[PDB]
């Protein structure tokens, strides 16, 4: 069953019941200011840093989940309710929430009163803005008191929740009932201290009253759903002095039948230059100039409406780079709208804040930066370019890099340090793609430091060389790369050997040496080894290139021998050299990562889909028989039922969950592409459909999480909860699925010397057109598709039949028409 439906025209998902299987959130804000917003108005806002600069408080593991948010308590003749349904849970005659691009509306009607709220963060604005519309839809008169509600976080969220001995005493506000454009509350905790910023909560009309103390507003022994002030019908005008500060105003609205009222609220993040902090000599009153300026900017519905439409323009113009038209409206909505939206969010948010990720840790995987870039680089190339240079500057001079990178500080994480031997090659993956997309080889010439050390700068290409050579000099007895702490799979820790709860599986190493090898880094070395060879060759470094090709060929040999178990690739070699991922064993006979990434790199690919002796085909057939379920392909099988001390975290998970038999979506697109590579488009589109939001909307009660975005993890076949997802939104599944549907199924992928036009999607999408803007030009690609295994497209270019699958990059401002037949 479903709990809403897609509104393609509006570019929205519309949730028609407050009773979802789990809270479904949206992301607001696209620059420095962000918001988490559920269909019930829960979650929070933060500027830049979701740990140190969080404006509002949100409790993970609340009972019930999503119990606090931005609330507008309606008091209608004594009866108190909220349009978000929660916290109050009053019977609503109508409820609807619409999640769109950088905004959401929530609407509730009860007893002849309808409240619509537009939530969004404006462009060029560090503020969450609420446009409220109250409509008397009854035949009688209405006289209402509306109580707005926000609960503040004391900025640093880790502290706010763990350091009560200090922080129950530092809460401070200022109250400005007669604000230039209405009424406003200032949460200024620690502005007295080292903070040069405060928060503002305001409404563009004169408030009847207010409240900044949470215990006075809500009452003792009261849940948000029973708050005392709204039931009383009148604000308590509480002034906070420590404890829990809130933003709250009462607004009086009288309405004839059919008559409506519009109100605008702003949640703002205001900073001041250090010298400009105080309005007064005594340094007690905050300087509110900038806060008034922001509030002058949203004093009217007309202003607000314009900021909104502008936001709509931003996103409208942003998503013009790639779109498709098909028989299949689910594919269309994913390719054009929801998958691209999700990829921008992963860029803007990294892995900081989610209903699952708790926003306390500020870091993000070096490997995750790089994979994420592949999904948004067609949208924001100049930004992408700047990202590639940021992360590459933290790279150690020996080729390794920090396993985690801080986007806010643009520095590697020292505490975690290095050691994950797949991390380095990921920088090549990022560079190569960025350049194929833009043709900006100039970046390779850009100066980049090692470990952010001034005067150590070398051309970026030399960094790729460090990354390439790192694997060459760190191989094991079989010639496969040493795994180090882990490869892509963080829970594969072969140098951990831990028996002590609370030691870090990824960092702690209880045995010093060993020979642990990974087939996945091997496959990655062949794949991104050849991309590096391509870049060195074009660069004019022919000697370096042929030589790197030489290593790549060596790794290709190793995989197909020491890396091959007979019907699929081994996953790794352990500390003592015994194989991992072999049919000889009982559990973890087969792992998905090396099967997909290795065939992604042509290793084992024979003559065709018919070449069933081709290892790549044996592997892919093994992946189908042993790992693929209706819900996606599981990570390995069988899952580990007892703890394997030699293998780190992977076996600490119960069968069917996460890295132990979970369906890790991130790595499924690897098999999908591998399937287009070997020439089985139908099987590739099948797999892609099994894990894609649009196609899972029907089984929402199983999925639980948002039907519009990818989640990291869907419980595998050995979990009772199979089909159930966790960890939605922030995941490399987005980037890799976009790259899969856009470049391999649809078949439109940038190359250095032109645009490949190679569709591989199977019979289920017989016809489609792709519109893409590449190098200033627009290509219109009209595909007629039998979808037959091993059929590749013939291009007709601008009315003239051509040979091969590459289309030459036309000049900027050009329109090229490409006819493809499969």
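Residue numbers count along the first chain shown, from 1.
Set 226-234 against 316-324 and average the Cα temperature factors; 316-324 ends up higher. Checked against the record, the higher mean CA B factor of 101-109 and 288-296 lies with 288-296.
Residue-level inspection of the entry shows that, of 357, 724, 176, 93, 93 has the top Cα B-factor. Within the selection 553, 309, 132, 650, the deposited Cα B-factor values reach their highest point at 553.
Split the chain's modelled residues into thirds by C-alpha temperature factor. Residue 121 is in the lowest one. When the modelled residues of the chain are ordered by their C-alpha B factor, residue 202 lands in the lowest third. For residue 10, the recorded CA temperature factor ranks within the middle third of the chain's modelled residues.
When all modelled residues of the chain are sorted by CA temperature factor, residue 47 is found within the highest third.
Compared with the other modelled residues of the chain, the Cα B-factor recorded for residue 775 ranks in the middle third.
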